[PDB]
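As structure tokens, the structure follows; a few thoughts come after it.
2 protein chains.
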Amino acid sequence: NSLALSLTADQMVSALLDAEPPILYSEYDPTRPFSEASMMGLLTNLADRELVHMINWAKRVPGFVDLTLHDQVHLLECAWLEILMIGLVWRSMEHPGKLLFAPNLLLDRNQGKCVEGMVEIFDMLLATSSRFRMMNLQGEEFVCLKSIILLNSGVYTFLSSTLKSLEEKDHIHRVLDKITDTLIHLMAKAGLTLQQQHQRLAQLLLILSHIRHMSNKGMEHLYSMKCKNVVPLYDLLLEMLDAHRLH
Amino acid sequence: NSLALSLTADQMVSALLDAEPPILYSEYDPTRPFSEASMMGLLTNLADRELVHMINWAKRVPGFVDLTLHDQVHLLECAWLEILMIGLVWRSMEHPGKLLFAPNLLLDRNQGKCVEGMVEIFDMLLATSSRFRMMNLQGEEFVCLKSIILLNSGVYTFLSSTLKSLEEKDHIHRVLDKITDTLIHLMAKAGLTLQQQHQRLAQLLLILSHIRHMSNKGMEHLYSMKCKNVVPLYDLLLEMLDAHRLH
Ligand SMILES: C[C@]12CC[C@@H]3c4ccc(O)cc4CC[C@H]3[C@@H]1CC[C@@H]2O
Ligand SMILES: C[C@]12CC[C@@H]3c4ccc(O)cc4CC[C@H]3[C@@H]1CC[C@@H]2O
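Laid out in structure tokens, this is it:
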């Protein structure tokens, strides 16, 4: 029972709002064509650099510092790729058929093909990117999901199975609900019926499964581009990919 | 605008209830020890046989026959492994630390180790299996999720991108919401507050992401056991695994 558990909806929101990270750029080189390695670079490079903030952003979430330190690393490394992606989709909200990676690196399904196996995912992000537009997502709702991912993705599969374990699991859940009261609130504050409020909470959350899915698939891709000596040796990024210990 | 879109909550439910498939058994052979192939068999074998029903169950869902035929195959083959798993978890609800695969094949984390890479997942299902218990899930709620998976998992990533496409996407969504009105209803009918009704809808859905996740991981496992000439050549199962076209 700490901070988070008290904050009024708006409070919750502003916090979440003010806690956001900066929109990076990319030393994008439009001078030369992207190869199944050139872009990969730009991409993995952006990722790596974004992750530094994402970690700081992390601590800024409510109730997140209240978890054990290892657990946070656990949550943080279980949901990152999703966080990168939910960010991307939002970023690319406005410009359909395009993925505003960075205000400088704006790609379309085409460059997607430059890199292998890359295409699919891109479209997966694209569609999600649309489903958001078609829903008229809202910066407030976004930040809610963003954090929700951080808290869900990985909660069930923690690092423990003891008493402090069933406590943490219980905190994360308590925070989560608070986040819901908030979400459901930003909708009353928009004039939705009760029914609409339900239905929208669903609509949103459900997407998250698709994200979970994209995140899963993307990760497989990345691990394959690494087993191809194409991915720059990025300390941080490698660390997050390794946490998944996938094959 | 067909059937589904009308059915009263209960109507929706009973339908969903009556539409359920039978709980299979397994020609389980407790006579001899399971090897990283013996069990695999039992498992993949159960899977294959369950899938026959799951397909029939499918048609029994509302609004599902209203989709194009290819799309249904699409949805059905995009969410199956999840459907098997959400089934399993429910089945194993009552007996913690155990996974009631079939009323005859009841395993624990141990046998899980018999097969390789198998352990992890098992625990993932276990925890989910618990999270359900700790929530006192309800047969009514279950069938709702079950179908919800069928409808979500794969909707965004359909087979088209034309007009009839944006229609189907629009139907599936309309059905989904109806399912939500139902869920939210089975909770009023249980005496939950408004707040509780929100919070629970979340709690449930959110899990679905974990399922999405487990389903993703499991699939990778299965495809690896196949690349190990350990998996029996099961027509149906192979077909579903192939739809994912994973690497
Ligand atoms: C990890 C990948 C490279 C980095 C990409 C990125 C990089 C930065 C960012 O903010 C979002 C994303 C989303 C998709 C990611 C890709 C999915 C497949 C690819 O390997
Ligand atoms: C597909 C696997 C074998 C079949 C298993 C099954 C088989 C039948 C069923 O009703 C549920 C499940 C859930 C987990 C599945 C497993 C996940 C990994 C393994 O390869």
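So the sequence lines, in the order shown, correspond to chains A and B.
Each residue of the first sequence is one higher than the one before, starting from 6 at the first, in the working numbering.
Each residue of the second sequence is one higher than the one before, starting from 6 at the first, in the working numbering.
Ideal placement from N, C-alpha and C gives every residue a C-beta, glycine not left out.
Cβ of residue i less than 7 Å from any chain A Cβ?
i, result
"residue 52 of chain B", "no"
"residue 16 of chain B", "no"
"residue 13 of chain B", "no"
"residue 157 of chain B", "yes"
"residue 217 of chain B", "yes"
"residue 115 of chain B", "no"
"residue 248 of chain B", "no"
"residue 221 of chain B", "yes"
"residue 175 of chain B", "no"
"residue 34 of chain B", "no"
"residue 201 of chain B", "no"
"residue 210 of chain B", "yes"
"residue 240 of chain B", "no"
"residue 129 of chain B", "yes"
Quick one: does the C-beta of residue i sit closer than 6 Å to a heavy atom of ligand 2?
i, result
"residue 223 of chain B", "yes"
"residue 227 of chain B", "yes"
"residue 92 of chain B", "yes"
"residue 22 of chain A", "no"
"residue 48 of chain B", "yes"
Does residue i have its Cβ less than 7 Å from a Cβ in chain B?
i, result
"residue 138 of chain A", "no"
"residue 76 of chain A", "no"
"residue 187 of chain A", "no"
"residue 161 of chain A", "yes"
"residue 19 of chain A", "no"
"residue 207 of chain A", "yes"
"residue 214 of chain A", "yes"
"residue 45 of chain A", "no"
"residue 204 of chain A", "yes"
"residue 23 of chain A", "no"
If you draw a straight line from the C-alpha of residue i to the C-alpha of residue j, how long is it?
i, j, result
"residue 247 of chain B", "residue 123 of chain A", "19 Å"
"residue 235 of chain A", "residue 190 of chain A", "46 Å"
"residue 175 of chain B", "residue 169 of chain B", "9 Å"
"residue 64 of chain B", "residue 228 of chain B", "27 Å"
"residue 28 of chain B", "residue 148 of chain B", "14 Å"
"residue 163 of chain B", "residue 153 of chain A", "26 Å"
"residue 177 of chain A", "residue 222 of chain B", "24 Å"
"residue 130 of chain A", "residue 91 of chain A", "9 Å"
"residue 143 of chain B", "residue 36 of chain A", "60 Å"
"residue 17 of chain A", "residue 7 of chain A", "13 Å"
"residue 150 of chain A", "residue 13 of chain A", "17 Å"
"residue 116 of chain A", "residue 212 of chain A", "25 Å"
"residue 47 of chain B", "residue 32 of chain B", "8 Å"
"residue 57 of chain B", "residue 49 of chain B", "13 Å"
"residue 89 of chain B", "residue 15 of chain A", "41 Å"
Is the CB-CB distance between residue i and residue j below 7 Å?
i, j, result
"residue 2 of chain B", "residue 120 of chain B", "This structure cannot settle anything about residue 2 of chain B, because the visible part of chain B is limited to 6 through 252."
"residue 187 of chain A", "residue 207 of chain B", "no"
"residue 267 of chain B", "residue 242 of chain B", "Chain B is shown from 6 up to 252; residue 267 of chain B falls before or after that span and cannot be answered."
"residue 204 of chain B", "residue 182 of chain A", "yes"
"residue 93 of chain A", "residue 155 of chain A", "no"
"residue 133 of chain B", "residue 218 of chain B", "no"
"residue 51 of chain A", "residue 107 of chain A", "yes"
"residue 158 of chain A", "residue 87 of chain A", "yes"
"residue 68 of chain A", "residue 160 of chain A", "no"
"residue 173 of chain A", "residue 238 of chain A", "no"
"residue 3 of chain B", "residue 118 of chain B", "The requested residue 3 of chain B is not part of the displayed model; chain B covers only 6 to 252."
I'd like to confirm something about residue i: is its beta-carbon nearer than 6 Å to some heavy atom of ligand 3, or not?
i, result
"residue 51 of chain B", "Ligands displayed in this structure: ligand 1 and ligand 2; ligand 3 is not among them."
Cα-Cα, which of the options is closest to residue i?
i, options, result
"residue 30 of chain A", "A:163, A:249 and A:105", "A:105"
"residue 136 of chain B", "B:153, B:101 and B:118", "B:101"
"residue 195 of chain A", "A:145, A:151, A:60 and A:220", "A:145"
"residue 109 of chain B", "B:96, B:57, B:73 and B:118", "B:96"
"residue 249 of chain A", "A:23, A:202, A:83 and A:59", "A:83"
"residue 251 of chain B", "B:231, B:160 and B:112", "B:231"
"residue 192 of chain A", "A:115, A:238 and A:140", "A:140"
"residue 165 of chain A", "A:89, A:75 and A:226", "A:75"
"residue 21 of chain B", "B:48, B:34, B:6 and B:61", "B:61"
"residue 55 of chain A", "A:9, A:26 and A:213", "A:26"
"residue 98 of chain A", "A:138, A:151 and A:115", "A:138"
"residue 125 of chain A", "A:220, A:23, A:11 and A:244", "A:220"
"residue 70 of chain B", "B:113, B:9, B:19 and B:127", "B:9"
Any heavy atom of ligand 1 closer than 6 Å to the CB of residue i?
i, result
"residue 82 of chain A", "no"
"residue 89 of chain A", "yes"
"residue 244 of chain A", "no"
"residue 55 of chain A", "yes"
"residue 126 of chain A", "yes"
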